[PDB]
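Since the structure comes first, as structure tokens, the remarks are kept for the end.
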Amino acid sequence: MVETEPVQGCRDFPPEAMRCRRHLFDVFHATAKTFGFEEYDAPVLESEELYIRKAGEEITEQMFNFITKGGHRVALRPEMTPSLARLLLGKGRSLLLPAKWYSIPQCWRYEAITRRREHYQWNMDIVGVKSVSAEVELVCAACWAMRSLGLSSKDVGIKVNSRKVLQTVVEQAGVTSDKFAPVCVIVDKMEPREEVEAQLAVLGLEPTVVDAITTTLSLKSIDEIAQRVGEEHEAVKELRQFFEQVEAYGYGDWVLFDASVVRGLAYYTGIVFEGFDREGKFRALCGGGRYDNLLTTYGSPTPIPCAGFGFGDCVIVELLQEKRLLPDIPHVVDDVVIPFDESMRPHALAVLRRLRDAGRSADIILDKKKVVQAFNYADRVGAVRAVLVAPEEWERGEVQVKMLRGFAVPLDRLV
Amino acid sequence: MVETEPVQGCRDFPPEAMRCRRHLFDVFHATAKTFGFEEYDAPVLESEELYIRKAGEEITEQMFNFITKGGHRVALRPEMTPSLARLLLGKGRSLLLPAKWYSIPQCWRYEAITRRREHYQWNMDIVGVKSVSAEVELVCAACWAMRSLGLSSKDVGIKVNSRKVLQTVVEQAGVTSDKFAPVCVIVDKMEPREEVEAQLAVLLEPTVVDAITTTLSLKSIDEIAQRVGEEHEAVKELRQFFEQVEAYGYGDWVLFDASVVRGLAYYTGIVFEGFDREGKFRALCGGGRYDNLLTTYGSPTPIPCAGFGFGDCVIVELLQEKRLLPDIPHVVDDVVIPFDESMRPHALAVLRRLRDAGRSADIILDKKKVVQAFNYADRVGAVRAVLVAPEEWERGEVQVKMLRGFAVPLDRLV
Ligand SMILES: N[C@@H](Cc1c[nH]c[nH+]1)C(=O)O
Ligand SMILES: N[C@@H](Cc1c[nH]c[nH+]1)C(=O)O
Ligand SMILES: Nc1ccc(Br)nc1
Ligand SMILES: Nc1ccc(Br)nc1
């Protein structure tokens, strides 16, 4: 017998599981459409050179990579943002801005544990908008998706911060700019306190510079940030604008400030955010931020402002299961056409044709079955209606219909 | 600068191209739903052992395979049917039959060219149905999809045959059953006549080759009946098939062709493939019955299956030729325009309302003068522009313009 289990760390989606995934994706698509984002896609296979950022990111550390027969370094994408940037850079001058693009790529990782190696990740990005209205819209989109799935602001929130605060603190200490990305990557690991301080020292930062970083991540309000860097610091004005705009849109209860949020990606320059459950039970539900320099690093002759997020398919489902918002969605079909016997099969097919022409989902019983077994089958597939095509009714230009006693119905009136 | 081109043989789908792909997939999904099939999926990465069939298939010859860091032989799936079989075999007794399952996997191949290495392929399969009604439904589904895209029976058809005819001819000649799959794979190659005869010899004497050649050239079912009898399984089944398609109303879409075998080892019965009537393109779709596959995978009981694959590349070329793929421009219901930044908070409340009512809506995100905001609305294909200006706002109103303006109460926007 062949191996029935899927490849290590990968999921199968038989129909039952697929209906769940589809319920989730319906919301991602519908939210994107509500917010005016355009779908795109790109190959799961990208050049490895695309992901070499040299900041010690977990995402680059766990690349699912391999060498082609031709000898080229490729990888199954660990994330989508670089692919997006490649596409944007390809279009160059011909891309109309602003652009709002989304996708739901499967993304990949390798880990030596004998644990998940793939997930699907909703990506939403806004390109060509300098102002915080982008981040506002993005955070609202994430909340909208969660609310659409049945969650409330009692269940979840979005923690919001700006990396510009830390930038200034690190830059005031005399640390070269190139160290800033590594610092964010290290400080993201705070969620072992001694080991984080140790890694920062290896980066070449003295104890007092580490102290200033620690203190600023522990400041619990925007006013406290204001005391440290000033009320007219870019981060303060922008964070204030952000919260004012989310409040105006009606999602104020969903969002809050948290100075410890930095995210683990090298490329965020400004506002960063992540979704979380209010019970403190799960990892991040989604994550994102502004990354205004990425396209410049890729060689764009002009700077292109970008912001966006990723929203995974695994943590959200666990949360929905906990909150009892993922009831089993059973299969449905409008009609099941039942030939009384094989001599009625041709007539039954004409009926089936009609039903499908009118936009109805319909089965016909394919093998030889007795009527009552055909009826049981109809119930198993969740048919709303059984349509028995029997010789007596057929001579009267009729069929028998039963909603799941029967009724005789003219053919013309079935649809 | 980084490489902007995608990896060799792979396609990018920026929004314009993605809208085309989505138009196609909408039809695949909608056809599956119309026909009562259930969606499934499985990993693009499968074990290589899953595809080692040893019949010289093109599909096994061109596997995109590699070795993990852990040392396991894996591959990006060249097709979906083995993955389907794996899932079916996993469920075993607990799967309710009949089952009708579909998916739209990306599938992969490696070729030493300078040419496509990936395509998307609609798969539709019926599991647990012994009778030709399965193949009927499958062929009708394919036609339905093509008709849904704007094609007619003047544009395309489905050639249909049964491998059982050839089975009998080969088996009458004394050829061991294990040679039958290789014979089909070879005979599928009929488009170089001398080289096909040569490959069969490496496998069968000249007179056995002669009988194979003649039977592929027979132009009707009655002619098949003369050779193997009207009681031969292939004859009865093909007759039933055409009778059922006729009854469903797709008789003009289908026809008999004794040269159709397909290139896959596993087909046991009816096989079919879609084609354009102008003879310009490769096969549009292909499939057949494969009643032994699950048995080869170790199923303790035989499980009848039939299905097809329907690629995303040839169909699009055909639709482009027939001028059935007009550019689909982006659309959005509303574009909310703040008169200036002091109106942004009010504009956001309006945006919220519009979206609450099920409308697709943008708000102008950066600082723009009104006329530039309006131009932007037109570019994104907005049906309606909603200007939120201080004067109207004090009256509990906004300005609306369908793409002169009108003042409208907030309550009446939706
Ligand atoms: N690529 C980020 C998410 C993101 C999308 N756009 C911006 N950020 C991640 O994987 O966490
Ligand atoms: N796997 C086949 C198509 C198919 C699906 N089901 C049965 N046949 C192919 O790629 O040609
Ligand atoms: N980056 C990444 C990829 C795949 C999974 Br599962 N999680 C994270
Ligand atoms: N089997 C297969 C795979 C990929 C492409 Br492109 N064509 C055929």
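Just remember, in the structure tokens the first chain shown is A, the second B, etc., residues are 1-based per chain, and ligands are 1-based in the order shown.
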Please return as a PyMOL selection string the residues found within 12 Å of ligand 4, counting only C-alpha atoms and all ligand atoms. chain B and resi 8-11+44+51+57-64+75-81+105-111+115-121+263-264+282-286+309-314
Polymer residues at most 9 Å from residue 98 in chain A, only C-alpha atoms, same-chain spacing of 6 or more positions, as a PyMOL selection string: (chain A and resi 126-129) or (chain B and resi 365-366+376)
For those residues, write N, CA, C and O atoms to a file as an mmCIF file, in the first residue's frame.
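Result file is part-v7.cif:
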```
data_model
loop_
_atom_site.group_PDB
_atom_site.id
_atom_site.type_symbol
_atom_site.label_atom_id
_atom_site.label_comp_id
_atom_site.auth_asym_id
_atom_site.auth_seq_id
_atom_site.Cartn_x
_atom_site.Cartn_y
_atom_site.Cartn_z
ATOM 1 N N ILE A 126 -1.174 48.152 0.361
ATOM 2 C CA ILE A 126 -1.403 49.432 -0.295
ATOM 3 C C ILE A 126 -0.065 50.059 -0.729
ATOM 4 O O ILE A 126 0.838 50.239 0.076
ATOM 5 N N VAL A 127 0.016 50.411 -2.010
ATOM 6 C CA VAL A 127 1.242 50.886 -2.632
ATOM 7 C C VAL A 127 1.042 52.309 -3.119
ATOM 8 O O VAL A 127 0.061 52.594 -3.801
ATOM 9 N N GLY A 128 1.953 53.207 -2.756
ATOM 10 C CA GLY A 128 1.932 54.594 -3.261
ATOM 11 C C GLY A 128 1.191 55.610 -2.396
ATOM 12 O O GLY A 128 0.881 56.703 -2.857
ATOM 13 N N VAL A 129 0.926 55.253 -1.138
ATOM 14 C CA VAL A 129 0.288 56.145 -0.188
ATOM 15 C C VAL A 129 1.267 56.432 0.950
ATOM 16 O O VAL A 129 1.637 55.527 1.720
ATOM 17 N N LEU B 365 -7.046 57.985 -0.315
ATOM 18 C CA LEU B 365 -6.176 57.818 0.846
ATOM 19 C C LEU B 365 -5.199 58.962 1.067
ATOM 20 O O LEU B 365 -5.054 59.415 2.208
ATOM 21 N N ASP B 366 -4.516 59.422 0.019
ATOM 22 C CA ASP B 366 -3.582 60.565 0.175
ATOM 23 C C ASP B 366 -4.307 61.901 -0.062
ATOM 24 O O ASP B 366 -5.524 61.945 -0.240
ATOM 25 N N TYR B 376 -9.166 59.727 -10.529
ATOM 26 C CA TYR B 376 -8.817 58.461 -9.915
ATOM 27 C C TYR B 376 -10.002 57.495 -9.849
ATOM 28 O O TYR B 376 -9.864 56.316 -10.172
#
```
Which of range 209-327 of chain B DSSP labels alpha helix (DSSP H), written as a count of residues only: 44
Rows by chain and residue number, chain A within 6 Å of ligand 3, shortest pair, only C-alpha atoms and all ligand atoms, as CSV:
```
residue,atom,partner,partner_atom_place_in_ligand_line,distance
A:59,CA,ligand 3,1 (N),5.3
A:78,CA,ligand 3,1 (N),4.4
A:79,CA,ligand 3,1 (N),5.6
A:107,CA,ligand 3,3 (C),5.0
A:108,CA,ligand 3,4 (C),4.0
A:109,CA,ligand 3,3 (C),4.5
A:116,CA,ligand 3,6 (Br),4.8
A:117,CA,ligand 3,6 (Br),4.5
A:118,CA,ligand 3,6 (Br),3.9
A:119,CA,ligand 3,6 (Br),4.4
```
Chain A residues near chain B (7 Å cut-off, only C-alpha atoms) as JSON, numbers by chain: {"A": [1, 2, 4, 6, 7, 10, 11, 12, 13, 14, 15, 18, 33, 34, 35, 36, 38, 39, 40, 41, 42, 43, 45, 46, 47, 86, 87, 89, 90, 129, 130, 131, 133, 134, 245, 248, 249, 298, 299, 333, 346, 349, 350, 353, 356, 360, 361, 362, 363, 366, 367]}
Requested write-out: C-alpha atoms of the selected residues, as an mmCIF file, in the first residue's frame:
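The file below, result02.cif, is the result:
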```cif
data_model
loop_
_atom_site.group_PDB
_atom_site.id
_atom_site.type_symbol
_atom_site.label_atom_id
_atom_site.label_comp_id
_atom_site.auth_asym_id
_atom_site.auth_seq_id
_atom_site.Cartn_x
_atom_site.Cartn_y
_atom_site.Cartn_z
ATOM 1 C CA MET A 1 0.000 0.000 0.000
ATOM 2 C CA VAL A 2 1.175 3.567 -0.820
ATOM 3 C CA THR A 4 -1.812 7.702 2.623
ATOM 4 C CA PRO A 6 0.588 13.676 3.165
ATOM 5 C CA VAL A 7 4.187 14.849 3.053
ATOM 6 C CA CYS A 10 1.534 19.496 4.984
ATOM 7 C CA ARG A 11 -2.272 19.346 5.087
ATOM 8 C CA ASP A 12 -4.826 17.473 3.027
ATOM 9 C CA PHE A 13 -8.214 19.152 2.444
ATOM 10 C CA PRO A 14 -10.895 16.570 1.817
ATOM 11 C CA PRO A 15 -14.322 18.155 1.215
ATOM 12 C CA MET A 18 -12.083 22.260 2.352
ATOM 13 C CA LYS A 33 -13.743 43.433 -2.549
ATOM 14 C CA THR A 34 -15.507 45.532 0.088
ATOM 15 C CA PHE A 35 -12.251 47.497 0.574
ATOM 16 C CA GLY A 36 -11.484 47.836 -3.165
ATOM 17 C CA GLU A 38 -7.402 43.839 -6.557
ATOM 18 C CA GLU A 39 -6.396 40.224 -6.696
ATOM 19 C CA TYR A 40 -2.983 39.129 -7.954
ATOM 20 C CA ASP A 41 -0.823 36.013 -7.842
ATOM 21 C CA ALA A 42 2.740 34.913 -8.577
ATOM 22 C CA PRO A 43 4.639 31.623 -8.612
ATOM 23 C CA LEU A 45 8.663 29.070 -6.697
ATOM 24 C CA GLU A 46 10.919 32.163 -6.519
ATOM 25 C CA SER A 47 14.646 32.788 -6.760
ATOM 26 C CA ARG A 86 9.187 42.111 -7.748
ATOM 27 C CA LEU A 87 5.923 42.555 -9.646
ATOM 28 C CA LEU A 89 9.321 46.803 -9.720
ATOM 29 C CA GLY A 90 8.622 45.021 -13.023
ATOM 30 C CA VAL A 129 0.288 56.145 -0.188
ATOM 31 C CA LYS A 130 2.637 58.101 2.074
ATOM 32 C CA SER A 131 0.101 58.845 4.800
ATOM 33 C CA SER A 133 -4.627 56.409 5.986
ATOM 34 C CA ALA A 134 -3.055 53.307 4.373
ATOM 35 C CA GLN A 245 -9.143 57.738 11.746
ATOM 36 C CA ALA A 248 -13.981 57.820 12.815
ATOM 37 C CA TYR A 249 -14.513 54.594 10.841
ATOM 38 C CA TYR A 298 15.356 46.218 -4.750
ATOM 39 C CA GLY A 299 16.755 48.946 -7.043
ATOM 40 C CA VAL A 333 -27.354 20.783 -3.499
ATOM 41 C CA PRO A 346 -33.066 9.569 -20.718
ATOM 42 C CA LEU A 349 -31.399 13.658 -17.994
ATOM 43 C CA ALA A 350 -33.630 16.108 -19.892
ATOM 44 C CA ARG A 353 -30.527 19.660 -18.011
ATOM 45 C CA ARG A 356 -29.062 23.217 -14.381
ATOM 46 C CA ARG A 360 -29.764 25.246 -9.848
ATOM 47 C CA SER A 361 -27.214 22.803 -8.470
ATOM 48 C CA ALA A 362 -28.479 19.308 -9.259
ATOM 49 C CA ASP A 363 -27.398 15.719 -9.183
ATOM 50 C CA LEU A 366 -25.729 7.773 -11.511
ATOM 51 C CA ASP A 367 -25.803 4.028 -10.743
#
```
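The space between atom 8 (N, counted along the ligand's line) of ligand 1 and CA of residue 317 in chain A spans 20.5 Å.
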Would you name the residues within 6 Å of ligand 1, counting only C-alpha atoms and all ligand atoms, and put them as a PyMOL selection string? chain A and resi 79-81+123+125+287-289+307-310
Neighbouring residues of residue 306 in chain B were defined as those with any atom within 8 Å, considering only C-alpha atoms; residues of the same chain fewer than 5 positions away were excluded. Please report them as a PyMOL selection string. chain B and resi 125-127+134-135+287-291
Write to file, as a compact mmCIF listing (two decimals), in the first residue's frame, the residues of the selection just made, with C-alpha atoms.
```
# COMPACT_ATOMS: atom_id res chain seq x y z
CA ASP B 125 -13.66 13.02 -10.75
CA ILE B 126 -16.52 10.65 -9.96
CA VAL B 127 -15.72 7.82 -7.55
CA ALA B 134 -20.14 8.88 -14.79
CA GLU B 135 -18.31 9.52 -18.04
CA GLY B 287 -9.87 12.13 -19.19
CA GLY B 288 -11.35 8.66 -18.85
CA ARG B 289 -12.24 5.74 -16.60
CA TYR B 290 -9.55 4.26 -14.37
CA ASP B 291 -11.06 1.34 -12.42
```
Residues of range 47-222 of chain A in strand (DSSP E) according to DSSP, as a PyMOL selection string? chain A and resi 47+64-67+73-76+99-103+106-108+118-127+156-162
Name the residues in contact with residue 203 in chain A at a cut-off of 9 Å, using only C-alpha atoms, excluding same-chain residues fewer than 3 positions from it; report them as an mmCIF file with N, CA, C and O atoms, in the first residue's frame.
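File written: selection38.cif
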```cif
data_model
loop_
_atom_site.group_PDB
_atom_site.id
_atom_site.type_symbol
_atom_site.label_atom_id
_atom_site.label_comp_id
_atom_site.auth_asym_id
_atom_site.auth_seq_id
_atom_site.Cartn_x
_atom_site.Cartn_y
_atom_site.Cartn_z
ATOM 1 N N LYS A 179 22.355 48.921 11.597
ATOM 2 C CA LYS A 179 22.045 48.108 12.772
ATOM 3 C C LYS A 179 20.551 48.121 13.168
ATOM 4 O O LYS A 179 20.126 47.297 13.976
ATOM 5 N N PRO A 182 18.439 44.722 12.305
ATOM 6 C CA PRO A 182 18.824 43.684 13.267
ATOM 7 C C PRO A 182 18.267 43.920 14.678
ATOM 8 O O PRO A 182 17.812 42.969 15.317
ATOM 9 N N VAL A 183 18.302 45.167 15.152
ATOM 10 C CA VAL A 183 17.770 45.506 16.478
ATOM 11 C C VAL A 183 16.277 45.163 16.589
ATOM 12 O O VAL A 183 15.846 44.578 17.583
ATOM 13 N N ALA A 198 21.558 40.007 25.622
ATOM 14 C CA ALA A 198 22.823 39.417 25.181
ATOM 15 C C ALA A 198 23.032 39.539 23.670
ATOM 16 O O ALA A 198 24.120 39.901 23.220
ATOM 17 N N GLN A 199 22.000 39.225 22.889
ATOM 18 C CA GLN A 199 22.069 39.351 21.429
ATOM 19 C C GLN A 199 22.327 40.781 20.957
ATOM 20 O O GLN A 199 23.028 40.985 19.970
ATOM 21 N N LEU A 200 21.748 41.762 21.649
ATOM 22 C CA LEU A 200 21.969 43.178 21.327
ATOM 23 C C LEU A 200 23.420 43.610 21.569
ATOM 24 O O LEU A 200 23.950 44.448 20.835
#
```
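Coordinates place CA of residue 159 in chain A at a distance of 14.6 Å from CA of residue 146 in chain A.
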Compile the contact shell of residue 380 in chain A as a list in words: residues with an atom at most 10 Å away, counting only C-alpha atoms, same-chain residues fewer than 6 positions apart removed. residues 330, 331, 332 and 374 of chain A; 96 of chain B
Output file for the selection above: C-alpha atoms, as a short mmCIF file (atom, residue, chain, number, x, y, z; two decimals), in the first residue's frame:
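Result written to part.cif:
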```
data_model
loop_
_atom_site.label_atom_id
_atom_site.label_comp_id
_atom_site.auth_asym_id
_atom_site.auth_seq_id
_atom_site.Cartn_x
_atom_site.Cartn_y
_atom_site.Cartn_z
CA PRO A 330 -22.63 20.34 5.51
CA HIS A 331 -22.74 19.89 1.75
CA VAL A 332 -25.89 21.15 -0.02
CA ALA A 374 -31.90 7.19 -3.97
CA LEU B 96 -19.63 7.67 1.29
#
```
Contacts of residue 264 in chain A at 9 Å or less, counting only C-alpha atoms, minus same-chain residues fewer than 4 places along, as a PyMOL selection string? chain A and resi 57-59+184-189+268
Those same residues, written as a PDB file, in the first residue's frame with C-alpha atoms?
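Produced file out-v6.pdb, reproduced below:
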```
ATOM      1  CA  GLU A  57      15.073  36.982  10.418  1.00  0.00           C
ATOM      2  CA  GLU A  58      13.288  33.776  11.373  1.00  0.00           C
ATOM      3  CA  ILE A  59      11.708  33.843   7.933  1.00  0.00           C
ATOM      4  CA  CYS A 184      14.066  45.189  15.550  1.00  0.00           C
ATOM      5  CA  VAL A 185      14.524  41.498  14.677  1.00  0.00           C
ATOM      6  CA  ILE A 186      16.217  40.856  18.048  1.00  0.00           C
ATOM      7  CA  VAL A 187      13.778  42.947  20.095  1.00  0.00           C
ATOM      8  CA  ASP A 188      10.831  41.155  18.440  1.00  0.00           C
ATOM      9  CA  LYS A 189      12.041  38.071  20.375  1.00  0.00           C
ATOM     10  CA  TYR A 268       9.205  47.783   8.387  1.00  0.00           C
TER      11      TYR A 268
END
```
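Residue nearest residue 303 in chain B, chosen from B:54, B:395, B:401, B:93 and counting only C-alpha atoms: B:93.
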Please identify all polymer residues within 8 Å of range 271-283 of chain A, counting only C-alpha atoms, omitting same-chain residues fewer than 4 positions from it, and present them as a PyMOL selection string. chain A and resi 135+139+154-164+239+261-263+287-290+315+319
